[PDB]
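J.: Need the 3D shape of this:
(2 chains)
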Amino acid sequence: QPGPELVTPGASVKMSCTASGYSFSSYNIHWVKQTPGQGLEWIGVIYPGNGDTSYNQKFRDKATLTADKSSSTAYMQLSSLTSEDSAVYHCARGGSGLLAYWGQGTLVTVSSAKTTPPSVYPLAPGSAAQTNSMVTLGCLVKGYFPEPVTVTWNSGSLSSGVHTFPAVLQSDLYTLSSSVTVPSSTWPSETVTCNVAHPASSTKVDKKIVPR
Amino acid sequence: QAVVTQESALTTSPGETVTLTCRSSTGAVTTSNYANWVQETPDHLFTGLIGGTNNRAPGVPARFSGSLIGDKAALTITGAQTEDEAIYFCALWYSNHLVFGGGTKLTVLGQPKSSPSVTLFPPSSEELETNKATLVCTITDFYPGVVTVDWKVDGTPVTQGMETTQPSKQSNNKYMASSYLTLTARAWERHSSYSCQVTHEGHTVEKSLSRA
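T.: Numbers count the residues shown, from 1 in each chain, chains lettered A, B, ... in the order given. What follows is the structure:
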């Protein structure tokens, strides 16, 4: 507990490994930590056969592995949560000496950061080319925490040409862009929009891409 | 904790045979290291391939195989496919401690190479009211998926206040990216030219705008 990703510094999370790895095996169960920079880190392995656990020296005091043969469960419980533990914790099922099956991937975010609503700014074209003529438009979603946000175009009518780029961390705050492309028979003549919604604190914005 | 080294990147064509290696700084890679090989698809899915130096996980195609080349652990893909273009991670055992490698990003030429299309946006008027200015440069439709970006103000290079996203795969199996150059609204009115330079495979695509 829990898995909506956001937790307080000093808390203690507990995750579970579940999928359709089907009955039969699971002789060993590994746990992997993925993070932008440190890459893949091995926390430890549990052998559900008799309980035997192995831990990385780095995570021996912070990680605890349990598993039962009743509901095919396999848990990891962290504690003393620092913002260093902000990562994607994976699970790896398989037979003897095999990282065969991998799970979904539980996202974990540890931060003392306050919740901040996003602000959206329109991005007019101008003298900066967009390929094959047409009209490329977009919005700038800047300064929100935490993730994610959802961007649509023409109330959902407008697919194709849409390019919602991933968010770059920009000093404790997230920021992403999202381009879209329509013919000149739509812009600047008629409507283009652009709905950036932000779950965690709720927000809904409408931006008419008015020309420069 | 020893360190595990892999090749940064390799490129090949379908039908060809490619060999990836896995080096250990603290001596050589023997049979007692129980070499592991995990694949990560650009959609971040994670699938286990090899365990115990040369044991294919159940379900892995016959084109994958592991072995020891001299003093290094190796992965061999004979008859590579277009679907094999992904990042491959290596893992070596040490007493009771599993160390992962940096990973090898393999590119498989399944489609013709393509120069990226670049769009550049000037800061919006609303953000200027907050004494901030953010130029947005969108980079889409390029292959292979490796791109470096540089910025230029008034024809002169700026390496400050820049931020570029990592390449993510598009729906047409191409790649896309973006970059942001943040300045003050004061600096936005105290210079003239702005340029976003995208270098892909020796060639440079450049898009500029002048406040006029």
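
J.: Okay, domains of chain A per the record?
T.: Using curated CATH domains, the domain ranges for chain A come out as A:1-112, A:113-211.

J.: Tabulate these (a markdown table), appending distance to chain B and mean neighbour count.
T.: All C-beta atoms are positioned from the backbone trio N, CA, C, and that covers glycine. Listed next are those as a markdown table, based on distance: least, CB to the nearest CB, whole Å; neighbours: other CB atoms under 10 Å in any protein chain shown:
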| stretch | distance to chain B | mean neighbour count |
| --- | --- | --- |
| domain A:1-112 | 4 | 16 |
| domain A:113-211 | 4 | 17 |
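
J.: Just send those back as CSV, with distance to residue B:172 too.
T.: Output for the domains of chain A, formatted as CSV (distance: least, CB to CB, whole Å):
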stretch, distance to residue B:172
domain A:1-112, 25
domain A:113-211, 11
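
J.: now for the ones you listed, which one comes closest to residue B:91?
T.: For the domains of chain A, proximity to residue B:91 was assessed by CB to CB; domain A:1-112 is nearest, at 7.4 Å.

J.: Now do the contacts for the most centrally placed residue in chain B.
T.: With distances taken as CA atoms, centre = their mean, residue B:146 lies nearest the centre of chain B, 5.9 Å away. Contact analysis of residue B:146 by CB atoms under 8 Å, 6 or more residues apart in numbering or on different chains lists B:9, B:167, B:200, B:201.

J.: Just the buried subset of the residues you listed, please.
T.: Neighbour-count burial (16 or more other CB atoms under 10 Å in any protein chain shown) applied to the contacts of residue B:146 gives B:167, B:200.

J.: of the contacts of residue B:146, closest to residue A:134?
T.: Relative to residue A:134, and with distances defined as CB to CB, the nearest of these is residue B:200, at 21.3 Å.

J.: got the contact list for that closest one?
T.: Going by CB under 8 Å, 6+ apart, residue B:200 touches B:115, B:116, B:142, B:146, B:147.

J.: returning to what we had before: next, the residue nearest to the centre of chain B: secondary structure please.
T.: Secondary structure assignment for residue B:146 (DSSP: H, G, I helix; E, B strand; the rest coil): coil.

J.: go on, the one 5 residues further on?
T.: Taken by three-state DSSP, the conformation at residue B:151 corresponds to strand.

J.: How about residues contacting stretch B:61-75?
T.: So stretch B:61-75 is contacted by B:19-24, B:28-31, B:33, B:35, B:37, B:49-50, B:53-56, B:76-81, B:88, B:90, B:92 (CB under 8 Å, 6+ apart).

J.: From those, list the ones also adjacent to chain A.
T.: Contacts with chain A are made by residue B:55 out of the contacts of stretch B:61-75, judged by CB under 8 Å from any CB of the partner chain.

J.: Of the contacts of stretch B:61-75, just the buried ones, PyMOL syntax please.
T.: Entered in PyMOL, the line below selects the buried ones among the contacts of stretch B:61-75, by 16+ other CB under 10 Å:
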select buried, chain B and resi 20+21+22+23+24+29+33+35+37+49+50+53+54+55+56+76+77+80+88+90+92
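
J.: all helices of chain B, in order?
T.: B:125-128, B:185-188 (DSSP state H).

J.: Contact partners for residue B:139?
T.: Residues near residue B:139 by CB under 8 Å, 6+ apart: B:116, B:117, B:118, B:147, B:149, B:176, B:177, B:178, B:179, B:198.

J.: Which single one of those is nearest to residue B:45?
T.: Once CB to CB is applied, the member of these that ends up nearest residue B:45 is residue B:176, at 19.4 Å.

J.: I figured the closest one was touching residue B:164, is that so?
T.: No. With contact defined as CB atoms under 8 Å, residue B:176 does not reach residue B:164; the gap is 12.0 Å.

J.: Who has more neighbours out of the two?
T.: residue B:176 (24 against 19; other CB atoms under 10 Å in any protein chain shown).

J.: Quick check, central residue of chain A?
T.: Closest to where the C-alpha atoms of chain A average out (CA atoms, centre = their mean) is residue A:107, at 6.1 Å.

J.: For it, what are phi and psi?
T.: Note on residue A:107: backbone dihedrals following degrees, to the nearest 10 are phi -80, psi 140.

J.: Let me see the backbone angles for the residue nearest to it when sequence neighbours are not counted.
T.: Spatial nearest neighbour of residue A:107, excluding adjacent residues (CB to CB, 6 or more residues apart in numbering or on different chains): residue A:5 at 4.7 Å. As for residue A:5, its main-chain torsions (degrees, to the nearest 10) stand at phi 80, psi -30.
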